[PDB]
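Only one chain is shown below, in structure tokens, and it's the form deposited in one PDB entry.
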């Protein structure tokens, strides 16, 4: 089991300065950070349909930097932006703004009360942050679990997931990085080296909630089959195949007007069969 941290590009209220603030963390269970400043109860990760659809869409044409010889957030950011421009994911005029955004201060829960709280933020063409234009949706996880680290193994490696909204982008863009040597970065406070980096940038678009996109990416990284495939991935095709299997073994629950546990517990064999299908291909065995 590994540690996955999700940070969202947000702006504070006391200075109106945009920075990175952690929104959720995974050590095989998901925890979320509330507006009060404390972590909610741990819970199993549940994903929206649109988050997984968009994650697949941005992954299929995603920019992958496997076995990258970088040991700094600045170096990873520079290499990722160069490969973004190389693959026509972004434009060369966007590089300066995206580099300024990626290297911003990464804040954590211990300084949320030191600030005046954080607000959703969109990175604008200039050096100033704007406010989102689309209607806001308060996170389901924060409403359900928040309104109320010793399990990290000593020989584990971390994953950092960065989600940000920048209106000066034609399309959402996914950047996946696997470092050659797991290194500790200034972004992550916990003394665990980072092996993987997820970077999700894009403009405001319908059916795309970047917090849920980062939740889907972090849940994918927290899955053992995909993580083992990600360590062994030599190309974007293998990661895509692992994502396809992850979606193959997913279970979609439609809305209903009369939910009951007796009907829901009838899906126990389906969940068991999907888990068995997921683990039949991996070297690992279900825990």
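Rigid core here is just the name for the largest C-alpha set that superposes within 1.5 Å across the two forms. Residues that one form lacks are left out of the comparison. Numbering follows the first chain given and starts at 1.
Another form exists, deposited in another entry; not displayed. Remarks below refer to it.
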*Residue from 189, 157, 97, 204 whose Cα, after superposing the rigid core, lies 2 Å or more away between this form and the one not shown*: 189
*Superposing on the rigid core, is the CA of residue 258 displaced by 2 Å or more between this form and the one not shown?*
yes
*Taking the shown form as the reference, report whether the CA atoms of residue 32 and residue 187 lie closer or farther apart in the other entry; the distance changes by 3 angstroms or more.*
farther
_in the other entry, the Cα separation between residue 264 and residue 24 changes by 3 Å or more relative to the shown form; did it shrink or grow?_
closer
*Return the sequence-ordered list of stretches, each of 3 or more consecutive shared residues, in which all C-alpha shifts are 2 angstroms or more between this form and the one not shown following rigid core superposition.*
186 to 191, 257 to 266
